[PDB]
$ cat final-v8.pdb   # PDB, N, CA and C atoms
MODEL        1
ATOM      1  N   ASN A   1      25.505  41.090 -37.528  1.00  0.00           N
ATOM      2  CA  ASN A   1      25.236  42.489 -37.196  1.00  0.00           C
ATOM      3  C   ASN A   1      25.818  42.783 -35.824  1.00  0.00           C
ATOM      4  N   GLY A   2      26.828  43.618 -35.786  1.00  0.00           N
ATOM      5  CA  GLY A   2      27.449  43.967 -34.543  1.00  0.00           C
ATOM      6  C   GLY A   2      28.396  45.124 -34.706  1.00  0.00           C
ATOM      7  N   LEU A   3      28.014  46.267 -34.203  1.00  0.00           N
ATOM      8  CA  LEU A   3      28.861  47.437 -34.244  1.00  0.00           C
ATOM      9  C   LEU A   3      29.849  47.385 -33.078  1.00  0.00           C
ATOM     10  N   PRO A   4      31.072  47.929 -33.261  1.00  0.00           N
ATOM     11  CA  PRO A   4      32.114  47.928 -32.225  1.00  0.00           C
ATOM     12  C   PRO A   4      31.658  48.577 -30.923  1.00  0.00           C
ATOM     13  N   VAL A   5      31.822  47.866 -29.844  1.00  0.00           N
ATOM     14  CA  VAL A   5      31.474  48.363 -28.541  1.00  0.00           C
ATOM     15  C   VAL A   5      32.742  48.677 -27.767  1.00  0.00           C
ATOM     16  N   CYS A   6      32.665  49.611 -26.860  1.00  0.00           N
ATOM     17  CA  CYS A   6      33.819  49.941 -26.057  1.00  0.00           C
ATOM     18  C   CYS A   6      33.781  49.128 -24.780  1.00  0.00           C
ATOM     19  N   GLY A   7      32.592  48.735 -24.374  1.00  0.00           N
ATOM     20  CA  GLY A   7      32.456  47.995 -23.166  1.00  0.00           C
ATOM     21  C   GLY A   7      31.116  47.337 -23.050  1.00  0.00           C
ATOM     22  N   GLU A   8      30.605  47.289 -21.839  1.00  0.00           N
ATOM     23  CA  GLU A   8      29.358  46.613 -21.532  1.00  0.00           C
ATOM     24  C   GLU A   8      28.133  47.401 -21.986  1.00  0.00           C
ATOM     25  N   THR A   9      26.996  46.893 -21.605  1.00  0.00           N
ATOM     26  CA  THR A   9      25.747  47.487 -21.886  1.00  0.00           C
ATOM     27  C   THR A   9      25.358  48.485 -20.801  1.00  0.00           C
ATOM     28  N   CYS A  10      24.607  49.482 -21.183  1.00  0.00           N
ATOM     29  CA  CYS A  10      24.159  50.553 -20.299  1.00  0.00           C
ATOM     30  C   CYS A  10      22.886  50.183 -19.555  1.00  0.00           C
ATOM     31  N   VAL A  11      22.730  48.926 -19.217  1.00  0.00           N
ATOM     32  CA  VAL A  11      21.553  48.470 -18.549  1.00  0.00           C
ATOM     33  C   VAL A  11      21.412  49.110 -17.169  1.00  0.00           C
ATOM     34  N   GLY A  12      20.198  49.508 -16.855  1.00  0.00           N
ATOM     35  CA  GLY A  12      19.921  50.173 -15.607  1.00  0.00           C
ATOM     36  C   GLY A  12      20.446  51.585 -15.627  1.00  0.00           C
ATOM     37  N   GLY A  13      20.635  52.112 -16.836  1.00  0.00           N
ATOM     38  CA  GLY A  13      21.186  53.435 -17.027  1.00  0.00           C
ATOM     39  C   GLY A  13      22.580  53.532 -16.458  1.00  0.00           C
ATOM     40  N   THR A  14      23.287  52.426 -16.477  1.00  0.00           N
ATOM     41  CA  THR A  14      24.586  52.360 -15.877  1.00  0.00           C
ATOM     42  C   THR A  14      25.623  51.900 -16.897  1.00  0.00           C
ATOM     43  N   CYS A  15      26.678  52.653 -17.039  1.00  0.00           N
ATOM     44  CA  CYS A  15      27.770  52.307 -17.921  1.00  0.00           C
ATOM     45  C   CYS A  15      29.022  52.166 -17.079  1.00  0.00           C
ATOM     46  N   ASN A  16      29.801  51.134 -17.320  1.00  0.00           N
ATOM     47  CA  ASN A  16      30.968  50.854 -16.485  1.00  0.00           C
ATOM     48  C   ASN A  16      32.264  50.820 -17.287  1.00  0.00           C
ATOM     49  N   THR A  17      32.244  51.348 -18.483  1.00  0.00           N
ATOM     50  CA  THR A  17      33.430  51.366 -19.297  1.00  0.00           C
ATOM     51  C   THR A  17      34.200  52.686 -19.093  1.00  0.00           C
ATOM     52  N   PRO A  18      35.369  52.625 -18.426  1.00  0.00           N
ATOM     53  CA  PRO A  18      36.138  53.808 -18.090  1.00  0.00           C
ATOM     54  C   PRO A  18      36.693  54.493 -19.322  1.00  0.00           C
ATOM     55  N   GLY A  19      36.228  55.682 -19.556  1.00  0.00           N
ATOM     56  CA  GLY A  19      36.698  56.447 -20.665  1.00  0.00           C
ATOM     57  C   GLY A  19      35.761  56.376 -21.834  1.00  0.00           C
ATOM     58  N   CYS A  20      34.705  55.605 -21.704  1.00  0.00           N
ATOM     59  CA  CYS A  20      33.711  55.534 -22.741  1.00  0.00           C
ATOM     60  C   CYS A  20      32.344  55.916 -22.242  1.00  0.00           C
ATOM     61  N   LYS A  21      31.722  56.839 -22.941  1.00  0.00           N
ATOM     62  CA  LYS A  21      30.365  57.253 -22.654  1.00  0.00           C
ATOM     63  C   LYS A  21      29.370  56.162 -23.027  1.00  0.00           C
ATOM     64  N   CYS A  22      28.142  56.423 -22.753  1.00  0.00           N
ATOM     65  CA  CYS A  22      27.102  55.510 -23.052  1.00  0.00           C
ATOM     66  C   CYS A  22      26.360  55.943 -24.295  1.00  0.00           C
ATOM     67  N   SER A  23      25.981  54.983 -25.082  1.00  0.00           N
ATOM     68  CA  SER A  23      25.127  55.166 -26.210  1.00  0.00           C
ATOM     69  C   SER A  23      24.165  54.006 -26.135  1.00  0.00           C
ATOM     70  N   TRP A  24      23.131  54.177 -25.320  1.00  0.00           N
ATOM     71  CA  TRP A  24      22.196  53.119 -24.955  1.00  0.00           C
ATOM     72  C   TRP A  24      21.794  52.275 -26.174  1.00  0.00           C
ATOM     73  N   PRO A  25      21.857  50.950 -26.053  1.00  0.00           N
ATOM     74  CA  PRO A  25      22.178  50.259 -24.802  1.00  0.00           C
ATOM     75  C   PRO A  25      23.664  49.880 -24.612  1.00  0.00           C
ATOM     76  N   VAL A  26      24.585  50.464 -25.351  1.00  0.00           N
ATOM     77  CA  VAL A  26      25.991  50.036 -25.230  1.00  0.00           C
ATOM     78  C   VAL A  26      26.944  51.180 -24.890  1.00  0.00           C
ATOM     79  N   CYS A  27      28.003  50.862 -24.192  1.00  0.00           N
ATOM     80  CA  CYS A  27      29.017  51.843 -23.892  1.00  0.00           C
ATOM     81  C   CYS A  27      29.938  52.031 -25.097  1.00  0.00           C
ATOM     82  N   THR A  28      29.739  53.121 -25.796  1.00  0.00           N
ATOM     83  CA  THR A  28      30.499  53.490 -26.966  1.00  0.00           C
ATOM     84  C   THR A  28      30.644  55.001 -26.987  1.00  0.00           C
ATOM     85  N   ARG A  29      31.706  55.498 -27.579  1.00  0.00           N
ATOM     86  CA  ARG A  29      31.907  56.926 -27.668  1.00  0.00           C
ATOM     87  C   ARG A  29      31.072  57.490 -28.793  1.00  0.00           C
TER      88      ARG A  29
ENDMDL
END
$ encode --input "final-v8.pdb" --output "C-alpha coordinates"
Amino acid sequence: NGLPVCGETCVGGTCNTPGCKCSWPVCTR
(Lines of atoms letter the chains of each structure in order from A and count residues from 1; the text may use other names and numbers.)
(Lines give C-alpha, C1' and ligand atoms only; values in the text may rest on other atoms or scores of the structure.)
Protein backbone atom coordinates (compact mmCIF):
# COMPACT_ATOMS: atom_id res chain seq x y z
CA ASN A 1 0.00 0.00 0.00
CA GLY A 2 1.65 3.16 -1.18
CA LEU A 3 0.24 6.00 -3.20
CA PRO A 4 2.67 8.15 -5.29
CA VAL A 5 4.20 10.94 -3.29
CA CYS A 6 5.75 14.08 -4.69
CA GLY A 7 8.04 14.54 -1.76
CA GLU A 8 8.38 14.32 1.98
CA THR A 9 5.85 14.25 4.72
CA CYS A 10 4.00 17.33 5.95
CA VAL A 11 5.11 16.75 9.50
CA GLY A 12 4.90 19.80 11.71
CA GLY A 13 2.56 21.28 9.14
CA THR A 14 5.59 21.74 6.97
CA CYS A 15 5.98 20.67 3.37
CA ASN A 16 9.32 21.03 1.60
CA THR A 17 8.55 19.74 -1.86
CA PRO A 18 8.97 22.64 -4.35
CA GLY A 19 6.02 22.79 -6.63
CA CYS A 20 3.96 20.33 -4.68
CA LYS A 21 1.26 21.20 -2.21
CA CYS A 22 0.59 19.28 0.91
CA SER A 23 -1.98 16.60 1.37
CA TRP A 24 -1.34 15.67 4.99
CA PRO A 25 0.62 13.75 5.83
CA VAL A 26 2.37 13.76 2.41
CA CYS A 27 3.43 16.34 -0.12
CA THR A 28 1.29 15.55 -3.15
CA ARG A 29 -0.68 17.67 -5.58
$ select_by_dssp --input "final-v8.pdb" --residues "chain A" --states "strand (DSSP E)" --output "list in words"
residues 22, 23, 26 and 27 of chain A
$ resolve_selection --input "final-v8.pdb" --expression "the PyMOL selection byres (((chain A and resi 17 and name CA) around 10) and name CA)" --output "MDAnalysis selection string"
chainID A and resid 5:10 14:16 18:22 26:28
$ atom_distance --input "final-v8.pdb" --atom1 "atom N of residue 1 (chain A)" --atom2 "atom N of residue 29 (chain A)"
18.6 Å
